[PDB]
Amino acid sequence: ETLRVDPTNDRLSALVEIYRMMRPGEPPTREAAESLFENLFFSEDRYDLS
Amino acid sequence: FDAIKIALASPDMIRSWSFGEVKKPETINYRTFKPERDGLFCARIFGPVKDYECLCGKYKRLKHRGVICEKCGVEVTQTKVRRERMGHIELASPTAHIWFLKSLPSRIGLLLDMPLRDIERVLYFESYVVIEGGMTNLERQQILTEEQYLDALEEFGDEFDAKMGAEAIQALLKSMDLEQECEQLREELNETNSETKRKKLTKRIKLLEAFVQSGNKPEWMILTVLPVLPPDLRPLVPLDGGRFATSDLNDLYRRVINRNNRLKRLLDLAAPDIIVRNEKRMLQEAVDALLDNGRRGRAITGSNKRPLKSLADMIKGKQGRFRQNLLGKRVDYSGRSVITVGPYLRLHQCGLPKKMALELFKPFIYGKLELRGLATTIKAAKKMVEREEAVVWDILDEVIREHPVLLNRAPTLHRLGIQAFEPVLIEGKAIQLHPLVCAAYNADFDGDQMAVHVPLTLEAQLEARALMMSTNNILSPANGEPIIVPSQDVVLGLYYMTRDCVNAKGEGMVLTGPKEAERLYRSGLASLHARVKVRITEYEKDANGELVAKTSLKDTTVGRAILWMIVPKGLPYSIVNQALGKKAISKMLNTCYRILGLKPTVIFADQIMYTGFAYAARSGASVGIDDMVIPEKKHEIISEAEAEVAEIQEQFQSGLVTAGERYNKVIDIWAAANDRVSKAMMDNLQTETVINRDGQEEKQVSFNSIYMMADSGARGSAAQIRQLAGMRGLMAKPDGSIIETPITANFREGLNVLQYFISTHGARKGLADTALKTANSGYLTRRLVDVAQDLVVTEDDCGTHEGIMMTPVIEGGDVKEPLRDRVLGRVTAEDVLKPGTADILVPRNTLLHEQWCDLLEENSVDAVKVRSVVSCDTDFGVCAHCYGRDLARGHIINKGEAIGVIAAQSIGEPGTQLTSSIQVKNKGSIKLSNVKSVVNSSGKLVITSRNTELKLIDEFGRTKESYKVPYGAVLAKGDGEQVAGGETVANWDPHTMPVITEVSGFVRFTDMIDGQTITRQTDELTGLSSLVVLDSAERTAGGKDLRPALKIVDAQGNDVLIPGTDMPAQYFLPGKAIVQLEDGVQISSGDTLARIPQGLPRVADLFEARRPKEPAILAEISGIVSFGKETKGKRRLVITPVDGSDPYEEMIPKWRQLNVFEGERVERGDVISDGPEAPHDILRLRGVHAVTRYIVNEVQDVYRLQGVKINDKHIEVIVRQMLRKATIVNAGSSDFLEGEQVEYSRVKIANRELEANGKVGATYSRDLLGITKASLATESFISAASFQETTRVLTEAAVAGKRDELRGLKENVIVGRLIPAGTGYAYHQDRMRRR
Amino acid sequence: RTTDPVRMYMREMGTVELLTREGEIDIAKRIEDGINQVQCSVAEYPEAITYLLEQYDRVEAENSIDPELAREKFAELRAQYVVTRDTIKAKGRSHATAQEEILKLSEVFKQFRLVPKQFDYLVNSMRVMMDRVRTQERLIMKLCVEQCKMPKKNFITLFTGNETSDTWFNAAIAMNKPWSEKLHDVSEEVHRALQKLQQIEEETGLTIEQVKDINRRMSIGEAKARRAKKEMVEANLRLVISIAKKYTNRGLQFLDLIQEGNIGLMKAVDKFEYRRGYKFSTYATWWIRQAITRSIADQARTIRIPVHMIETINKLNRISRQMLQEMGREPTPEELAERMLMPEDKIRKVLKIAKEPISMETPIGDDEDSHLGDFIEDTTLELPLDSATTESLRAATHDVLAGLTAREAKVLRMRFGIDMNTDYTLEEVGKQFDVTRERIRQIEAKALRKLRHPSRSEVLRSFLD
Ligand SMILES: [Mg+2]
Ligand SMILES: [Zn+2]
Ligand SMILES: [Zn+2]
């Protein structure tokens, strides 16, 4: 039921589908959306549990 | 001035307002504390800094009053010009007013039929709009992108004209139309026939007719020039720490003028379109953050990382200008101080510190020192005050007498949380409060910071002395019972005074009266407890105020006679001879106020407090460990409870029941053990083995130290004593359940660390309840005080000739309150009479006081006609003889008494303390209503109707017992039979609602196919089954095409009818219709076929009346109610009357319990869905006299369930103000489908349909709005702009031109004049007549 | 589709495409073409000769070139003008060799010595001449299209012909024209405007069509220069958003610094002068940093401290941070004063004016119930003294000086301003009564000797406190 309503399927569009939910109004590129996903989920400078 | 007129700001109006324009972002100089030329604080634009002192120091000291200094433009005048000088920032580009852009509703799209997404597309510089085009493709109000703008540029060229941003929508609003669009929308509103379009086009055309009628323009809605706030109101003042004290609004105005200067530098420098469009977008965002910071985007920060205050954050909630600086304001002559006990004072007398009265009464001290000649000047008297001369204490004692002062608890709970007092001079630094009125404060001595406010002038001084002194009101405004009753300590002393003994060491001595009683108590030879005979002189005014003298011997005690020494002449001894509890002393004070009046009652209360203090000093009422006795059979009850829970655990282990039944059984046996130990401690507490005069053993009321606080109700009910001495009953789990292991031990034995944890669970839950829901009740008081802000007694009596039929609640159980205290103080509408149709003894317009309530109590009255405020015909208030009696005075209510804020303080009073086998309990005759009954073949009477309500009327003629019976019951008794209590008279299964048929005939299965519509399934329980049907969710579309129905007719092929009507005998087949009868058998009338199965947030939801969790819809018109389209889950509902609205349909969401079947007979306004009822349909079908009666029977019983009685008028005038705005149904006077107030609807009936001509169209329909909704629908705007959503309702007032006449009571509070209520009502009688 | 203006500003930045090095020098060459189009089109203007003549008169009293080249190279266009003026005006205006001499005058113009104040004057004079001929055409359109019942299409075909003499006026009174027969009712403005057009044409010495296409070339070159400036500033918004990271303090928002760097880059466009061979980012960095420091000096502070004191207090903050890093202790003003080579009182004076004043909505208490503003003392104080004595002393003087039964009270009430508007000296009260000053002084001393005794003015004596 998640896969019946998915907005985008591709990895790029998908990642972007996020950029619009996080930082709306700015149309991103591939590398910009990838860097935003990395520094928002999988970066030690913005995420630490220790 | 006498009226407040609001409109939209024109740029020429701002240019006239300006008297100086600002163009530079400088505020002041940084070295010298002087603003230079043309700045945000400048002297040319706004005015000078000091009083008559120019900028450079050239013209000062009153020499140049109106000239302008040519060096810097300063006008040498006072500092008062700095609070009224305006702005006029020269904006290079027009900008968007965010109050008219991002509001809810936005009011710029509803003027244009444009969605807010497209408004965000055009105002943010992303998309273009075209005002007019040469072709029909580029029509008006079209939303074009930049690529579409380029395509229209290469396609059209100079034919079209499409700009972007605030200037484009400004020209669009300016050059659309003025009245032709209004006429076209007016004709196209009623040209089309729809409902979704006629709920927004009527609001658009009402907005447009307000624009044309108020003289406003849509060009003035948008902002082309921004005026700044006056600089004294945003003061950049040097604080005493070295740094400066600025406002954040100064920073926002500096940023707005900086972006304006950047725009002005961008226009002449030939900027490209991207930078100037971003500059206009940033100017729009800056003025948006200046007006309302939390609408257009992220809140703008400062240096301290905080959201800065905008012009909307300056007026919003409790932190706004209204509720912090305008409505609730700090005041001079207000002394914060704690409360102490003055027991040696009168009821109108309080204490006052000599230091606080010395500093607080300083103008009175200086005036009395100058008028007596003891002081020469003001500062010599000030030095006499600062050095504490001996004579200033004497002059303070002279000025403090005959000078009342207002004591005030912060925050107040009700109206009696602040009243005046005549202070005396004592030492100390605190206020000695009189102990009798601390219950009216509900302010126990916990160090409560009481403010003491000084009335200055003789108007306010006599208003303090004669109206709001504590000697003026012995009753409460919430109920007729006195809340200034003797409180806990003095009622304990009085209960120790009125107590009797069996030993009674002053036995045998006959007392001459009160004199000898107090003599032999004070001499020590006789005790306070002696059942002897006392000759007491008593008086009663049986004639017109004439007291009669009589003296006889009564079986009483000595202390009752010593209290009778303090009791005045007019009281009887029937109230003094009992045990004299707190409710008995409340009844004593009530009867004293009814008989003697206010003149002896205050002196009686003062003498009662003095005697209670003097005989609680000599009482020695001291709680101890041996006084709080343990019951002797306490350990065996806990041992039997342990054996019972061991039996329950063994029945849970060896499988017979589940864990939920185990929890229910352990809760039941622990409640039984709690009741057993409560009766054990009650039997050990209320009985005490005392010796008689001879050698005997006789029990009596005990002299225990806690039974005086338990039986009399001094401080604590029976549950507190039952949990203190006996074990604790039940606690509160955080999920809402009850702990299965209650506290076995009590407080004297000690609580274990586990048991203290189970206790503190429910204790911290109740404390969080007291922390949250009492503040929620305070905001509910804030809500309810702003919907009844115009109810003042204007006239004395209007010719309405209509009222309510009042009845007490006997809902479910027995009776709770009588009719005497229910219609206490109310005024009758018609000439009510006895239950027999004779001897009319009550006039048309009279109150219900003494010689009227007992005159009905001696009769067997059950329902009387009472005049209300919901039927009062006059506007902007009600009449005196239509409301009844003012509850704190006890006579005819004066013209000016504001009833609505009385009701708000009354409903806000208990907000801090809120936190089947039908067996009759009396004897009477069986009576029903809407009767459809028949005798079956067993000797009983079944019910084949839904709206039957079983009520019991005895031989006297009163409705002592009543019930609510659903459809499908069997009565064991007949109509008019004298029954006895205890026995069950209504027998029906509570788990199912049957389909009992009154057709006595054969059984025929018709119009059903086994397999498509119905199925074949035999019941394996009893073996009695037939062709039955399952639920509607499992069947196929055979029931969706052919309607399944049971036509109970004869077996010979012919058809029968219903006895009484002409409808053929055909019952319908809903879901879960598993019938238990075969065909061909002769069933009788009354046989069963099938089995079909079935608080303060609640107070706030019932006051708002918005929608419950499950709405209970009702039937509209009496007739045949059937189904429309068949059940696709939630399909439809249709209503077909015989002489009513035939094609009108309805909608049923949940098909759980249908009261009436699809095709049977209903009554208009009959219940359809079960559950909580939404009052919108109840007002839409039943009148106001039914909805108001339902509310004063529901929420008053809810308040009574907590243990506090409120008069029903206070939960009646708020309901009257809840339907203030009504919905008109026909055009001709104001509009077709507008929401108009009841005053504007009453002024239209009295103008057209009274003396001018016939009916031009004035019928309407009332609507109960929400409390948050009715506060935004007031005809006055300045009181509506103070409750909540001041942005929204202030924009609605600005775009409509709502000129306030200041008719309501808070509307003169906000403007700062005399209110049109109370003493100011007679001033407004001359104000509104001379205008 | 969003709510933040800076994110859609980034969207508008991402709509346009950036530049490489060859794209940078191509946009610089487009800027050069947009400048040189106006530079060669102004050579055909007759007022440029008088502009260069007044420039030669300005430099007569005067890397850089020698002034002898400025004296020599600013006088040949005068010779070309005085050998063209007998052909462009005299002996007919429509002539081929006259246009050849016009092109000869235009091809000797490249002696620029460009000054930004000099460039504005010719553009302003030609723009107000274009505005004059445009409002001339606008008033002609107002008298001919709206009036006399003829549309706009019946105007341009006779307007483009000559627009010099009276033939176009009676050309609009053509073969029948019954709706346009009102000759003298419309002549009164149009021949008065035609005489103004004729004196404009004799001022410029050229027909109106040639200066019309010259001004059209001015508009075309200005539009091309504006589009080149637009793509130059749009390709370098990454420069301002990458330089705005080092000044992201809590004094201003991001967008104000971005749009100040925008006008700094717009100034750097005309201050670039790309013929040296540098990049636009390197030279634009200094101008955008100057605009950023100007915005952080003028704005970001309630009390507007100027840019030089902002620079000295920024240097003082940097020196204080350096002494914090070198010492660890708090920086005393003595070490900052000796390292700043300034006196210590100036250091404490610029330290006093440290930062923005505490706003009015800071939670100085424990909760959000009482913000600031409920603690400020009143500057316009109204004490019991200042409210009571300021009227009771007035009543006391009105009671005591009423006992003065002669003109001494009447000349003393205006001596200080009691119950009067303007305070007067002895001379102004003299001209009303007693023009010799010492008479008023002696009666004032007599009233002083009457009032200073503690016998009846003791109520006036008690007011000294
Ligand atoms: Mg308290
Ligand atoms: Zn000045
Ligand atoms: Zn009335």
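Residues numbered from 1 in each chain as written, not as in the entry; some residues may be left out. Chains lettered and ligands numbered in written order. Part of a larger assembly, values for the part shown. Heavy atoms only, no water. Residues with missing side-chain atoms left out of burial classes, pairs and counts.

1. Description of the arrangement of the chains
Reasoning step 1: The chain pair with the greatest number of contacts, out of two pairs of chains in contact, is formed by chains B and C.
Reasoning step 2: At the C-alpha level, the nearest point of chain A lies 11 Å from chain B, with no contact between them. (Contact = heavy atoms within 4.5 Å.)

2. Details of the interface of chain C and chain A
Reasoning step 1: Residue-level contacts link five residues of chain C with five residues of chain A.
Reasoning step 2: Approximately 490 Å² of surface area, both sides summed, lies buried where chain C meets chain A, with 60% of it carried by carbon and sulfur atoms.
Reasoning step 3: In terms of surface lost to chain A, no three residues of chain C exceed C:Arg1, C:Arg7 and C:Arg11, which account for 74% of the buried area on that side.
Reasoning step 4: Inspection of the region where chain C meets chain A yields zero salt bridges.
Reasoning step 5: For the interface between chain C and chain A, the tally reads three residue pairs in polar contact.
Reasoning step 6: Tallied by class, residues from the side of chain C that touches chain A come to one nonpolar, one polar and three charged. (Buried area = accessible area lost by both parts, 1.4 Å probe. Salt bridge = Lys/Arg side-chain N within 4 Å of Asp/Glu carboxyl O. Polar contact = N/O pair within 3.5 Å; in protein donor to acceptor, adjacent residues only side chain to side chain. Nonpolar A, V, L, I, M, F, W, Y, C, P; charged D, E, K, R; others polar.)

3. Focus on the coordination of the zinc ion (ligand 3)
Residue and element names in this part refer to chain B.
Reasoning step 1: Binding of the zinc ion (ligand 3) to the protein goes through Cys798 (SG), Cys872 (SG), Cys879 (SG) and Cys882 (SG), at separations of 2.5 Å.
Reasoning step 2: For the zinc ion (ligand 3), the four donor atoms are set out with angles of 94 to 127° between them, so the coordination reads as tetrahedral.
Reasoning step 3: With a relative accessible area of 0%, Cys882 lands in the buried category. (Donors = N, O, S within 2.8 Å, 3.2 Å for Na, K, Ca; no water. Tetrahedral: all angles 85-135°; square planar, octahedral: opposite > 155°, others 65-115°. Buried < 20%, exposed > 50% of the residue type's maximum accessible area, 1.4 Å probe, protein only.)

4. Some points on the UniProt feature "DNA-binding region" in chain C
Reasoning step 1: Under the UniProt annotation, "DNA-binding region" lies at residues 426-445 of chain C.
Reasoning step 2: Overall, residues 426-445 of chain C shows 90% helix and 0% strand. The separation of its end C-alpha atoms is 13 Å. (UniProt positions renumbered as here; feature names shortened; annotations may be inferred. Helix = DSSP H or I, 4+ residues; strand = E, 2+ residues; numbered from the N terminus.)

5. Here's the deal with the packing of helix α2 (residues 21-41) of chain C against helix α11 (residues 208-234) of chain C
All names here are of chain C.
Reasoning step 1: Taken N-terminus to C-terminus, the directions of α2 and α11 make an angle of 160°; their axes are 9 Å apart at the nearest point. The orientation of α2 relative to α11 falls into the category roughly antiparallel. The handedness of the crossing between α2 and α11 comes out as left-handed. Judged by residue contacts, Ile27, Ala28, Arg30, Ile31, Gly34, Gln37, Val38 and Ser41 of α2 engage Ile214, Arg217, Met218, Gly221, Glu222, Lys224, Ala225, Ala228, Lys229, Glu231 and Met232 from α11.
Reasoning step 2: Of the residues belonging to the contact of α2 with α11, the class tally is nine nonpolar, four polar and six charged. (Axes fitted to C-alpha atoms, helices over the stretch in contact; angles between N-to-C directions. Parallel < 35°, antiparallel > 145°, perpendicular 65-115°, else oblique. Left-handed = near helix turned anticlockwise from the far one by under 90°.)

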